[PDB]
Amino acid sequence: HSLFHXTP
Amino acid sequence: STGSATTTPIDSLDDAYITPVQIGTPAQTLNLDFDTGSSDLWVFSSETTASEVXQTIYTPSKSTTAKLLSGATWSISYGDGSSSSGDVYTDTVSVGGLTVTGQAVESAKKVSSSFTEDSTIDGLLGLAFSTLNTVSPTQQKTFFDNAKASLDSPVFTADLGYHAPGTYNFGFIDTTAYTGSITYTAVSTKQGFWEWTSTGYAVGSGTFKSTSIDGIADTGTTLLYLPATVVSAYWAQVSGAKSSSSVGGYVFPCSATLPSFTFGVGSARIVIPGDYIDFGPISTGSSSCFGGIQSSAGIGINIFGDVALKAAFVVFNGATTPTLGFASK
(Lines give C-alpha, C1' and ligand atoms only; values in the text may rest on other atoms or scores of the structure.)
Protein backbone atom coordinates (compact mmCIF):
# COMPACT_ATOMS: atom_id res chain seq x y z
CA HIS A 1 0.00 0.00 0.00
CA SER A 2 1.61 3.34 -1.02
CA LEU A 3 0.17 5.96 -3.48
CA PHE A 4 0.62 4.63 -7.06
CA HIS A 5 2.08 6.38 -10.24
CA UNK A 6 1.70 3.67 -12.92
CA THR A 7 5.57 4.44 -17.42
CA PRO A 8 7.86 7.35 -18.47
CA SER B 1 -17.56 -10.66 -28.31
CA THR B 2 -17.64 -8.77 -25.04
CA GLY B 3 -16.41 -9.01 -21.45
CA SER B 4 -17.35 -7.52 -18.09
CA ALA B 5 -15.32 -7.67 -14.86
CA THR B 6 -15.69 -6.24 -11.38
CA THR B 7 -12.88 -4.01 -10.15
CA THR B 8 -12.26 -3.51 -6.41
CA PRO B 9 -10.23 -0.96 -4.41
CA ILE B 10 -7.25 -2.64 -2.73
CA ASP B 11 -7.79 -0.67 0.50
CA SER B 12 -10.01 1.77 2.32
CA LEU B 13 -8.30 4.69 0.56
CA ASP B 14 -8.90 3.58 -3.02
CA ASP B 15 -5.11 3.56 -3.54
CA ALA B 16 -5.53 1.21 -6.51
CA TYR B 17 -8.03 -1.20 -8.00
CA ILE B 18 -7.56 -4.87 -8.84
CA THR B 19 -9.42 -6.91 -11.47
CA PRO B 20 -9.38 -10.72 -11.66
CA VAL B 21 -7.73 -12.15 -14.75
CA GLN B 22 -7.65 -15.76 -15.92
CA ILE B 23 -4.37 -16.82 -17.47
CA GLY B 24 -3.46 -20.20 -18.93
CA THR B 25 -5.15 -23.60 -19.36
CA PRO B 26 -6.58 -24.64 -16.94
CA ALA B 27 -7.12 -21.03 -15.81
CA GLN B 28 -4.96 -19.45 -13.13
CA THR B 29 -6.74 -16.44 -11.64
CA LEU B 30 -4.64 -13.41 -10.73
CA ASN B 31 -5.60 -9.98 -9.38
CA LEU B 32 -4.08 -7.46 -11.78
CA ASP B 33 -3.94 -3.68 -11.71
CA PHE B 34 -5.49 -2.36 -14.92
CA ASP B 35 -3.23 0.54 -15.94
CA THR B 36 -4.13 2.84 -18.83
CA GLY B 37 -0.74 4.51 -18.24
CA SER B 38 1.38 1.56 -19.46
CA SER B 39 1.32 -1.25 -22.04
CA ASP B 40 2.89 -4.30 -20.43
CA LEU B 41 1.04 -7.37 -19.16
CA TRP B 42 3.34 -8.65 -16.42
CA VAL B 43 2.74 -10.95 -13.48
CA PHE B 44 4.46 -12.51 -10.48
CA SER B 45 5.48 -16.05 -11.51
CA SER B 46 7.25 -19.28 -10.69
CA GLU B 47 10.35 -17.55 -12.16
CA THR B 48 10.37 -14.67 -9.70
CA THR B 49 13.19 -14.58 -7.16
CA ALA B 50 11.64 -16.20 -4.11
CA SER B 51 12.88 -13.68 -1.58
CA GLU B 52 11.11 -11.06 -3.70
CA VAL B 53 7.81 -12.95 -3.53
CA UNK B 54 5.47 -12.31 -0.59
CA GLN B 55 1.05 -12.56 -4.13
CA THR B 56 -0.48 -15.29 -6.30
CA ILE B 57 1.91 -16.42 -8.98
CA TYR B 58 1.68 -17.58 -12.56
CA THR B 59 3.15 -20.99 -13.27
CA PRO B 60 3.79 -21.29 -16.99
CA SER B 61 4.74 -24.96 -16.64
CA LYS B 62 1.26 -25.70 -15.38
CA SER B 63 -0.45 -24.21 -18.42
CA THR B 64 -0.93 -26.47 -21.48
CA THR B 65 -1.27 -23.40 -23.74
CA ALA B 66 1.80 -21.44 -22.60
CA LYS B 67 4.62 -21.01 -25.11
CA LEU B 68 8.04 -19.55 -24.47
CA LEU B 69 8.73 -16.47 -26.58
CA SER B 70 12.28 -17.28 -27.59
CA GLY B 71 14.91 -14.61 -27.09
CA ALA B 72 12.43 -12.00 -25.89
CA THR B 73 13.01 -9.97 -22.73
CA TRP B 74 11.37 -7.01 -20.97
CA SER B 75 12.34 -4.32 -18.46
CA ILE B 76 10.04 -1.63 -17.10
CA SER B 77 10.01 1.20 -14.59
CA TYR B 78 7.17 3.43 -13.47
CA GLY B 79 6.35 6.98 -12.44
CA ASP B 80 7.21 6.26 -8.80
CA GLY B 81 10.53 4.64 -9.80
CA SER B 82 9.44 1.06 -9.14
CA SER B 83 10.45 -1.60 -11.68
CA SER B 84 10.46 -5.23 -12.82
CA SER B 85 11.96 -7.38 -15.61
CA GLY B 86 11.97 -10.90 -17.03
CA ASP B 87 11.14 -13.10 -19.99
CA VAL B 88 8.03 -13.67 -22.07
CA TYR B 89 5.47 -16.36 -22.75
CA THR B 90 2.37 -16.26 -24.87
CA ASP B 91 -0.73 -17.79 -23.31
CA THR B 92 -4.53 -17.65 -23.27
CA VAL B 93 -5.81 -14.70 -21.20
CA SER B 94 -9.44 -14.08 -20.17
CA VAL B 95 -11.07 -11.03 -18.59
CA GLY B 96 -14.73 -11.22 -17.57
CA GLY B 97 -15.59 -13.74 -20.26
CA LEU B 98 -13.57 -12.20 -23.09
CA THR B 99 -10.80 -14.53 -24.25
CA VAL B 100 -7.63 -13.71 -26.16
CA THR B 101 -5.32 -16.47 -27.43
CA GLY B 102 -1.58 -15.88 -27.91
CA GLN B 103 -1.45 -12.91 -25.54
CA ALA B 104 2.09 -11.96 -24.48
CA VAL B 105 2.34 -12.57 -20.75
CA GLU B 106 5.47 -11.03 -19.31
CA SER B 107 6.94 -13.21 -16.57
CA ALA B 108 8.83 -11.35 -13.81
CA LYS B 109 12.27 -12.65 -12.84
CA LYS B 110 12.76 -9.73 -10.45
CA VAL B 111 10.50 -6.99 -8.96
CA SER B 112 11.24 -3.82 -6.95
CA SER B 113 10.56 -3.72 -3.19
CA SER B 114 7.28 -1.81 -3.42
CA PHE B 115 5.83 -4.63 -5.54
CA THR B 116 6.95 -7.22 -2.99
CA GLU B 117 5.42 -5.17 -0.15
CA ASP B 118 1.98 -4.96 -1.77
CA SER B 119 0.34 -8.36 -1.29
CA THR B 120 -2.88 -7.56 -3.15
CA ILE B 121 -1.51 -6.93 -6.64
CA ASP B 122 -0.37 -9.94 -8.63
CA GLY B 123 0.77 -7.91 -11.62
CA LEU B 124 -0.29 -5.15 -14.01
CA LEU B 125 -2.42 -5.18 -17.18
CA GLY B 126 -1.37 -2.30 -19.46
CA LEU B 127 -3.99 -0.54 -21.55
CA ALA B 128 -2.07 2.33 -23.13
CA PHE B 129 -0.86 2.20 -26.75
CA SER B 130 1.40 -0.69 -27.79
CA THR B 131 4.25 1.59 -28.77
CA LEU B 132 4.99 1.82 -25.05
CA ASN B 133 5.39 -1.96 -24.65
CA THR B 134 8.85 -2.76 -23.24
CA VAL B 135 9.30 -6.19 -24.84
CA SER B 136 12.36 -6.44 -27.06
CA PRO B 137 13.49 -7.03 -29.71
CA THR B 138 9.91 -6.98 -31.06
CA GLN B 139 7.23 -5.14 -29.05
CA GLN B 140 4.07 -7.01 -28.03
CA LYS B 141 0.47 -5.84 -28.42
CA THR B 142 -1.69 -5.05 -25.41
CA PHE B 143 -4.68 -7.18 -24.33
CA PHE B 144 -6.96 -4.57 -25.83
CA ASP B 145 -5.11 -4.52 -29.16
CA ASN B 146 -5.34 -8.30 -29.42
CA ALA B 147 -9.05 -8.32 -28.57
CA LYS B 148 -10.13 -5.57 -30.98
CA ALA B 149 -10.72 -7.88 -33.95
CA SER B 150 -13.22 -9.86 -31.86
CA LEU B 151 -14.97 -7.05 -29.97
CA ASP B 152 -18.53 -6.04 -30.82
CA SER B 153 -17.07 -2.50 -30.75
CA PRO B 154 -13.42 -1.43 -30.29
CA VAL B 155 -13.87 0.16 -26.90
CA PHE B 156 -13.59 -0.45 -23.21
CA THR B 157 -15.08 1.56 -20.37
CA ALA B 158 -13.90 2.29 -16.85
CA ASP B 159 -16.48 2.68 -14.09
CA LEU B 160 -14.47 3.03 -10.88
CA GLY B 161 -16.19 3.33 -7.53
CA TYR B 162 -15.64 5.61 -4.55
CA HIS B 163 -14.77 3.26 -1.68
CA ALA B 164 -16.83 0.73 -3.62
CA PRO B 165 -16.51 -1.85 -6.42
CA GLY B 166 -16.79 -0.76 -10.05
CA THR B 167 -16.69 -2.26 -13.52
CA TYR B 168 -14.37 -2.66 -16.47
CA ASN B 169 -16.30 -3.48 -19.66
CA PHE B 170 -14.90 -4.48 -23.04
CA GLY B 171 -16.63 -4.03 -26.37
CA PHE B 172 -19.87 -2.39 -25.26
CA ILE B 173 -21.23 0.70 -23.56
CA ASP B 174 -23.60 0.28 -20.64
CA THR B 175 -26.08 3.14 -21.09
CA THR B 176 -27.58 2.36 -17.68
CA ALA B 177 -24.20 3.11 -16.16
CA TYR B 178 -24.25 6.89 -16.50
CA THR B 179 -26.48 9.92 -16.61
CA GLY B 180 -26.72 12.44 -19.44
CA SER B 181 -24.82 12.02 -22.71
CA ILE B 182 -21.21 11.05 -23.30
CA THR B 183 -18.87 13.85 -24.41
CA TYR B 184 -15.99 12.73 -26.66
CA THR B 185 -12.65 14.55 -26.96
CA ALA B 186 -9.69 13.89 -29.27
CA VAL B 187 -6.73 11.78 -28.18
CA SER B 188 -3.06 12.36 -28.99
CA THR B 189 -1.03 9.15 -29.26
CA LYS B 190 2.27 10.94 -29.87
CA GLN B 191 3.72 9.80 -26.54
CA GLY B 192 1.76 6.56 -26.40
CA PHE B 193 -0.65 7.72 -23.70
CA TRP B 194 -4.38 8.33 -23.54
CA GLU B 195 -3.46 12.01 -23.85
CA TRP B 196 -6.12 14.69 -24.10
CA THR B 197 -6.67 18.35 -23.32
CA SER B 198 -9.13 19.63 -20.73
CA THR B 199 -10.94 22.91 -21.54
CA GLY B 200 -10.64 24.40 -18.04
CA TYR B 201 -11.65 24.21 -14.39
CA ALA B 202 -13.78 25.68 -11.62
CA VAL B 203 -13.40 25.47 -7.85
CA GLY B 204 -16.55 24.91 -5.82
CA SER B 205 -19.26 27.37 -6.88
CA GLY B 206 -16.83 29.88 -8.41
CA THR B 207 -16.29 30.72 -12.08
CA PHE B 208 -15.12 28.30 -14.80
CA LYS B 209 -11.77 29.45 -16.15
CA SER B 210 -11.17 28.46 -19.74
CA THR B 211 -7.57 27.20 -19.92
CA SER B 212 -6.05 24.26 -21.77
CA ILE B 213 -4.82 21.48 -19.56
CA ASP B 214 -3.04 18.80 -21.47
CA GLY B 215 -2.98 15.59 -19.45
CA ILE B 216 -3.24 11.83 -19.51
CA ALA B 217 -6.00 9.51 -18.30
CA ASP B 218 -4.12 7.09 -16.01
CA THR B 219 -6.11 4.49 -14.11
CA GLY B 220 -2.81 3.34 -12.60
CA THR B 221 -2.27 6.64 -10.74
CA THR B 222 -4.13 7.31 -7.48
CA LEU B 223 -4.41 11.07 -7.37
CA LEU B 224 -5.17 14.08 -9.55
CA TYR B 225 -1.99 16.02 -10.53
CA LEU B 226 -2.59 19.45 -12.09
CA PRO B 227 -0.47 22.55 -12.75
CA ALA B 228 0.68 24.36 -9.57
CA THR B 229 -1.41 27.47 -10.15
CA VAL B 230 -4.52 25.40 -10.61
CA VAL B 231 -3.77 23.46 -7.45
CA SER B 232 -2.98 26.61 -5.49
CA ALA B 233 -6.35 28.03 -6.59
CA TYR B 234 -8.12 24.99 -5.13
CA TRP B 235 -6.48 24.83 -1.69
CA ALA B 236 -6.85 28.57 -1.24
CA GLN B 237 -10.56 27.83 -0.68
CA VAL B 238 -9.71 25.54 2.27
CA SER B 239 -8.95 27.64 5.36
CA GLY B 240 -6.69 25.21 7.21
CA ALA B 241 -4.94 23.81 4.16
CA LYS B 242 -1.26 24.23 3.60
CA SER B 243 1.64 22.71 1.70
CA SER B 244 3.70 20.26 3.79
CA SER B 245 7.27 19.38 2.82
CA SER B 246 7.49 16.70 5.51
CA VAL B 247 4.51 15.04 3.91
CA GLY B 248 5.23 16.12 0.33
CA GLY B 249 1.92 17.73 -0.58
CA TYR B 250 -1.13 19.69 0.53
CA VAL B 251 -2.73 18.70 3.83
CA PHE B 252 -5.81 19.99 5.66
CA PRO B 253 -7.86 19.38 8.83
CA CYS B 254 -9.85 16.17 8.44
CA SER B 255 -12.86 18.08 9.85
CA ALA B 256 -13.05 20.53 6.91
CA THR B 257 -15.70 20.18 4.22
CA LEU B 258 -13.88 20.37 0.86
CA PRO B 259 -15.11 22.24 -2.21
CA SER B 260 -15.93 20.31 -5.34
CA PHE B 261 -13.66 20.52 -8.35
CA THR B 262 -14.94 20.74 -11.93
CA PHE B 263 -12.87 20.00 -15.05
CA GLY B 264 -13.95 20.72 -18.59
CA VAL B 265 -14.49 18.20 -21.37
CA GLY B 266 -15.18 20.15 -24.53
CA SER B 267 -18.39 22.00 -23.67
CA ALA B 268 -19.22 19.51 -20.89
CA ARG B 269 -18.35 19.65 -17.20
CA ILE B 270 -17.34 16.91 -14.82
CA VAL B 271 -17.70 17.61 -11.12
CA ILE B 272 -15.55 15.81 -8.58
CA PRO B 273 -17.30 15.85 -5.19
CA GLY B 274 -15.34 17.44 -2.35
CA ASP B 275 -15.34 14.12 -0.46
CA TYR B 276 -13.43 12.31 -3.21
CA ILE B 277 -10.62 14.83 -2.71
CA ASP B 278 -10.33 14.07 0.97
CA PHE B 279 -7.86 11.30 0.46
CA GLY B 280 -7.42 10.27 4.11
CA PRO B 281 -5.55 11.03 7.35
CA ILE B 282 -1.81 11.16 7.10
CA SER B 283 -1.76 8.44 9.76
CA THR B 284 -4.54 6.61 11.65
CA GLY B 285 -5.97 8.85 14.37
CA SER B 286 -4.39 11.98 12.94
CA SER B 287 -6.25 15.28 12.74
CA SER B 288 -4.58 16.05 9.39
CA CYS B 289 -5.67 14.55 6.08
CA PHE B 290 -3.86 14.32 2.70
CA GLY B 291 -5.38 16.15 -0.28
CA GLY B 292 -6.35 14.26 -3.44
CA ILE B 293 -5.36 17.14 -5.73
CA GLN B 294 -1.61 17.76 -5.92
CA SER B 295 0.85 19.65 -8.14
CA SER B 296 2.21 17.96 -11.27
CA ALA B 297 5.28 20.23 -11.31
CA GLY B 298 7.88 17.62 -10.33
CA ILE B 299 6.29 14.97 -12.58
CA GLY B 300 6.43 16.81 -15.90
CA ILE B 301 2.94 15.72 -16.95
CA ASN B 302 -0.60 16.43 -15.71
CA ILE B 303 -2.29 13.23 -14.65
CA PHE B 304 -6.00 12.54 -14.46
CA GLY B 305 -5.81 9.62 -12.00
CA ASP B 306 -8.40 7.68 -9.99
CA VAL B 307 -9.61 10.67 -7.97
CA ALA B 308 -10.75 12.25 -11.22
CA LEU B 309 -11.80 9.16 -13.17
CA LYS B 310 -13.92 7.60 -10.44
CA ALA B 311 -16.18 10.66 -10.65
CA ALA B 312 -17.07 9.77 -14.19
CA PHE B 313 -18.02 7.03 -16.64
CA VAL B 314 -15.03 6.79 -18.97
CA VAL B 315 -15.03 5.48 -22.52
CA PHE B 316 -11.71 4.48 -24.15
CA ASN B 317 -12.53 4.49 -27.85
CA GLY B 318 -9.86 2.45 -29.60
CA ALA B 319 -10.89 3.08 -33.21
CA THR B 320 -8.14 3.88 -35.73
CA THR B 321 -8.59 7.47 -34.61
CA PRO B 322 -9.03 7.04 -30.84
CA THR B 323 -11.00 9.35 -28.57
CA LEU B 324 -11.86 9.70 -24.90
CA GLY B 325 -15.51 9.98 -23.74
CA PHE B 326 -16.66 11.24 -20.32
CA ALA B 327 -20.15 11.12 -18.78
CA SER B 328 -21.45 12.14 -15.37
CA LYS B 329 -22.69 9.26 -13.25
# chains A, B, ... in the order shown; residues from 1 in each chain; ligands from 1
$ interface_residues --of "chain B" --to "chain A" --cutoff "7 Å" --atoms "only C-alpha atoms" --output "list in words"
residues 15, 35, 37, 38, 77, 78, 79, 80, 118, 220, 221 and 222 of chain B
$ residues_around --residues "stretch 42-46 of chain B" --least-positions-apart "3" --cutoff "8 Å" --atoms "only C-alpha atoms" --output "list in words"
residues 32, 53, 55, 56, 57, 58, 59, 60, 105, 106, 107, 108, 109, 122, 123, 124 and 125 of chain B
$ atom_distance --atom1 "atom CA of residue B:20" --atom2 "atom CA of residue B:95"
7.1 Å
$ select_by_dssp --residues "stretch 171-265 of chain B" --states "alpha helix (DSSP H)" --output "list in words"
residues 228, 229, 230, 231, 232, 233, 234 and 235 of chain B
$ closest_residue --among "B:98, B:311, B:160, B:88" --to "residue B:69" --atoms "only C-alpha atoms"
B:88
$ residues_around --residues "residue B:196" --least-positions-apart "3" --cutoff "8 Å" --atoms "only C-alpha atoms" --output "VMD selection string"
chain B and resid 185 to 188 214 to 217 324
$ write_last_selection --atoms "N, CA, C and O atoms" --output "tab-separated table (two decimals), in the first residue's frame"
chain	number	residue	atom	x	y	z
B	185	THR	N	-13.68	13.54	-26.65
B	185	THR	CA	-12.65	14.55	-26.96
B	185	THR	C	-11.49	13.82	-27.63
B	185	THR	O	-11.30	12.61	-27.45
B	186	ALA	N	-10.72	14.53	-28.46
B	186	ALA	CA	-9.69	13.89	-29.27
B	186	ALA	C	-8.52	13.39	-28.43
B	186	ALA	O	-8.18	14.00	-27.42
B	187	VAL	N	-7.90	12.31	-28.87
B	187	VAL	CA	-6.73	11.78	-28.18
B	187	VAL	C	-5.47	11.96	-29.00
B	187	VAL	O	-5.50	11.75	-30.22
B	188	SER	N	-4.37	12.34	-28.35
B	188	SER	CA	-3.06	12.36	-28.99
B	188	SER	C	-2.27	11.11	-28.61
B	188	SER	O	-2.10	10.77	-27.44
B	214	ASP	N	-3.45	20.06	-20.85
B	214	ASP	CA	-3.04	18.80	-21.47
B	214	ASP	C	-2.69	17.78	-20.40
B	214	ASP	O	-1.85	18.01	-19.52
B	215	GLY	N	-3.32	16.60	-20.45
B	215	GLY	CA	-2.98	15.59	-19.45
B	215	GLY	C	-3.24	14.19	-19.95
B	215	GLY	O	-3.71	14.02	-21.07
B	216	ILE	N	-2.95	13.20	-19.11
B	216	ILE	CA	-3.24	11.83	-19.51
B	216	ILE	C	-4.25	11.16	-18.59
B	216	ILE	O	-4.26	11.42	-17.39
B	217	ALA	N	-5.10	10.29	-19.15
B	217	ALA	CA	-6.00	9.51	-18.30
B	217	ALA	C	-5.30	8.24	-17.83
B	217	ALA	O	-5.10	7.33	-18.64
B	324	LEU	N	-11.42	9.84	-26.28
B	324	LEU	CA	-11.86	9.70	-24.90
B	324	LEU	C	-13.28	10.25	-24.74
B	324	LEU	O	-13.53	11.34	-25.26
$ atom_distance --atom1 "atom CA of residue B:260" --atom2 "atom CA of residue B:179"
18.6 Å
$ closest_residue --among "B:223, B:164, B:241, B:177" --to "residue B:329" --atoms "only C-alpha atoms"
B:177
$ residues_around --residues "residue B:226" --least-positions-apart "3" --cutoff "7 Å" --atoms "only C-alpha atoms" --output "PDB file with N, CA and C atoms, in the first residue's frame"
ATOM      1  N   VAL B 230      -3.191  25.976 -10.756  1.00  0.00           N
ATOM      2  CA  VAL B 230      -4.520  25.404 -10.609  1.00  0.00           C
ATOM      3  C   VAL B 230      -4.714  24.855  -9.205  1.00  0.00           C
ATOM      4  N   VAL B 231      -3.723  24.093  -8.762  1.00  0.00           N
ATOM      5  CA  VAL B 231      -3.769  23.457  -7.451  1.00  0.00           C
ATOM      6  C   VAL B 231      -3.765  24.506  -6.352  1.00  0.00           C
ATOM      7  N   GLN B 294      -2.987  17.385  -6.201  1.00  0.00           N
ATOM      8  CA  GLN B 294      -1.607  17.763  -5.923  1.00  0.00           C
ATOM      9  C   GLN B 294      -0.935  18.303  -7.181  1.00  0.00           C
ATOM     10  N   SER B 295       0.165  19.022  -7.009  1.00  0.00           N
ATOM     11  CA  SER B 295       0.846  19.651  -8.140  1.00  0.00           C
ATOM     12  C   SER B 295       1.591  18.655  -9.019  1.00  0.00           C
ATOM     13  N   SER B 296       1.500  18.827 -10.336  1.00  0.00           N
ATOM     14  CA  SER B 296       2.205  17.957 -11.267  1.00  0.00           C
ATOM     15  C   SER B 296       3.591  18.482 -11.628  1.00  0.00           C
ATOM     16  N   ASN B 302       0.643  16.397 -16.471  1.00  0.00           N
ATOM     17  CA  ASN B 302      -0.603  16.432 -15.709  1.00  0.00           C
ATOM     18  C   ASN B 302      -1.239  15.048 -15.798  1.00  0.00           C
ATOM     19  N   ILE B 303      -1.695  14.559 -14.655  1.00  0.00           N
ATOM     20  CA  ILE B 303      -2.285  13.229 -14.651  1.00  0.00           C
ATOM     21  C   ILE B 303      -3.695  13.205 -14.065  1.00  0.00           C
TER      22      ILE B 303
END
$ residues_around --residues "residue B:289" --least-positions-apart "5" --cutoff "12 Å" --atoms "only C-alpha atoms" --output "list in words"
residues 13, 240, 241, 242, 243, 244, 247, 249, 250, 251, 252, 253, 254, 255, 256, 257, 258, 275, 277, 278, 279, 280, 281, 282, 283 and 284 of chain B
$ select_by_dssp --residues "stretch 103-292 of chain B" --states "strand (DSSP E)" --output "count of residues only"
78
$ decode --residues "stretch 158-192 of chain B" --atoms "N, CA, C and O atoms" --output "short mmCIF file (atom, residue, chain, number, x, y, z; two decimals), in the first residue's frame"
data_model
loop_
_atom_site.label_atom_id
_atom_site.label_comp_id
_atom_site.auth_asym_id
_atom_site.auth_seq_id
_atom_site.Cartn_x
_atom_site.Cartn_y
_atom_site.Cartn_z
N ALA B 158 -14.28 2.41 -18.25
CA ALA B 158 -13.90 2.29 -16.85
C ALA B 158 -15.01 2.93 -16.01
O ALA B 158 -15.46 4.04 -16.28
N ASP B 159 -15.44 2.18 -15.00
CA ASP B 159 -16.48 2.68 -14.09
C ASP B 159 -16.05 2.39 -12.65
O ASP B 159 -16.50 1.47 -11.99
N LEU B 160 -15.11 3.20 -12.18
CA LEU B 160 -14.47 3.03 -10.88
C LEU B 160 -15.30 3.63 -9.75
O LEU B 160 -15.87 4.71 -9.88
N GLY B 161 -15.35 2.91 -8.63
CA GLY B 161 -16.19 3.33 -7.53
C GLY B 161 -15.46 4.09 -6.45
O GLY B 161 -14.26 3.96 -6.26
N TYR B 162 -16.20 4.90 -5.70
CA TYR B 162 -15.64 5.61 -4.55
C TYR B 162 -15.79 4.72 -3.33
O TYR B 162 -16.93 4.47 -2.91
N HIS B 163 -14.69 4.20 -2.79
CA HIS B 163 -14.77 3.26 -1.68
C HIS B 163 -15.75 2.13 -1.95
O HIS B 163 -16.39 1.65 -1.02
N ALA B 164 -15.85 1.72 -3.21
CA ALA B 164 -16.83 0.73 -3.62
C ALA B 164 -16.37 0.02 -4.88
O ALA B 164 -15.54 0.58 -5.61
N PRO B 165 -16.87 -1.18 -5.16
CA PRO B 165 -16.51 -1.85 -6.42
C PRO B 165 -17.03 -1.06 -7.63
O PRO B 165 -17.91 -0.20 -7.52
N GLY B 166 -16.46 -1.37 -8.78
CA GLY B 166 -16.79 -0.76 -10.05
C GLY B 166 -16.72 -1.80 -11.16
O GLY B 166 -16.66 -3.01 -10.90
N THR B 167 -16.71 -1.33 -12.40
CA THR B 167 -16.69 -2.26 -13.52
C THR B 167 -15.74 -1.83 -14.63
O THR B 167 -15.69 -0.65 -14.96
N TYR B 168 -15.06 -2.82 -15.19
CA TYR B 168 -14.37 -2.66 -16.47
C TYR B 168 -15.14 -3.44 -17.53
O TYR B 168 -15.32 -4.65 -17.37
N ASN B 169 -15.58 -2.78 -18.60
CA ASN B 169 -16.30 -3.48 -19.66
C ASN B 169 -15.53 -3.41 -20.98
O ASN B 169 -14.93 -2.38 -21.30
N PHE B 170 -15.60 -4.49 -21.75
CA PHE B 170 -14.90 -4.48 -23.04
C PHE B 170 -15.89 -4.69 -24.18
O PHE B 170 -16.65 -5.67 -24.14
N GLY B 171 -15.86 -3.80 -25.16
CA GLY B 171 -16.63 -4.03 -26.37
C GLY B 171 -18.06 -3.57 -26.36
O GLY B 171 -18.76 -3.76 -27.36
N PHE B 172 -18.53 -2.96 -25.27
CA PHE B 172 -19.87 -2.39 -25.26
C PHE B 172 -19.96 -1.25 -24.24
O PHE B 172 -19.15 -1.11 -23.31
N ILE B 173 -20.97 -0.42 -24.46
CA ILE B 173 -21.23 0.70 -23.56
C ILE B 173 -22.56 0.50 -22.83
O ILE B 173 -23.63 0.40 -23.43
N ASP B 174 -22.45 0.43 -21.51
CA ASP B 174 -23.60 0.28 -20.64
C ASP B 174 -24.29 1.62 -20.37
O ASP B 174 -23.91 2.35 -19.46
N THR B 175 -25.31 1.90 -21.16
CA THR B 175 -26.08 3.14 -21.09
C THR B 175 -26.81 3.29 -19.77
O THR B 175 -27.24 4.37 -19.38
N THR B 176 -26.96 2.22 -19.01
CA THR B 176 -27.58 2.36 -17.68
C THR B 176 -26.54 2.75 -16.65
O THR B 176 -26.83 2.92 -15.46
N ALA B 177 -25.29 2.89 -17.10
CA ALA B 177 -24.20 3.11 -16.16
C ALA B 177 -23.93 4.58 -15.91
O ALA B 177 -23.19 4.96 -15.00
N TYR B 178 -24.52 5.47 -16.71
CA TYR B 178 -24.25 6.89 -16.50
C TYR B 178 -25.49 7.74 -16.69
O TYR B 178 -26.54 7.31 -17.16
N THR B 179 -25.36 9.02 -16.33
CA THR B 179 -26.48 9.92 -16.61
C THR B 179 -26.03 10.96 -17.62
O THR B 179 -24.84 11.27 -17.68
N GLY B 180 -26.98 11.47 -18.40
CA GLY B 180 -26.72 12.44 -19.44
C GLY B 180 -26.23 11.76 -20.72
O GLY B 180 -26.56 10.60 -20.96
N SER B 181 -25.47 12.50 -21.50
CA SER B 181 -24.82 12.02 -22.71
C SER B 181 -23.31 12.01 -22.53
O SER B 181 -22.76 12.73 -21.69
N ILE B 182 -22.66 11.17 -23.32
CA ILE B 182 -21.21 11.05 -23.30
C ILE B 182 -20.57 12.16 -24.11
O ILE B 182 -20.96 12.37 -25.25
N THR B 183 -19.58 12.88 -23.58
CA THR B 183 -18.87 13.85 -24.41
C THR B 183 -17.50 13.30 -24.81
O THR B 183 -16.70 12.92 -23.95
N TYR B 184 -17.24 13.26 -26.12
CA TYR B 184 -15.99 12.73 -26.66
C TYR B 184 -14.96 13.81 -26.93
O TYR B 184 -15.29 14.90 -27.41
N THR B 185 -13.68 13.54 -26.65
CA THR B 185 -12.65 14.55 -26.96
C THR B 185 -11.49 13.82 -27.63
O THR B 185 -11.30 12.61 -27.45
N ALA B 186 -10.72 14.53 -28.46
CA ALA B 186 -9.69 13.89 -29.27
C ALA B 186 -8.52 13.39 -28.43
O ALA B 186 -8.18 14.00 -27.42
N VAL B 187 -7.90 12.31 -28.87
CA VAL B 187 -6.73 11.78 -28.18
C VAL B 187 -5.47 11.96 -29.00
O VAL B 187 -5.50 11.75 -30.22
N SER B 188 -4.37 12.34 -28.35
CA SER B 188 -3.06 12.36 -28.99
C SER B 188 -2.27 11.11 -28.61
O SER B 188 -2.10 10.77 -27.44
N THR B 189 -1.77 10.37 -29.61
CA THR B 189 -1.03 9.15 -29.26
C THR B 189 0.47 9.37 -29.38
O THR B 189 1.23 8.41 -29.29
N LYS B 190 0.88 10.61 -29.59
CA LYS B 190 2.27 10.94 -29.87
C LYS B 190 3.24 10.39 -28.84
O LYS B 190 4.35 10.02 -29.21
N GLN B 191 2.84 10.33 -27.58
CA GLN B 191 3.72 9.80 -26.54
C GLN B 191 3.24 8.43 -26.06
O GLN B 191 3.76 7.89 -25.09
N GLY B 192 2.24 7.88 -26.74
CA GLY B 192 1.76 6.56 -26.40
C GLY B 192 0.74 6.51 -25.28
O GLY B 192 0.32 5.43 -24.86
#
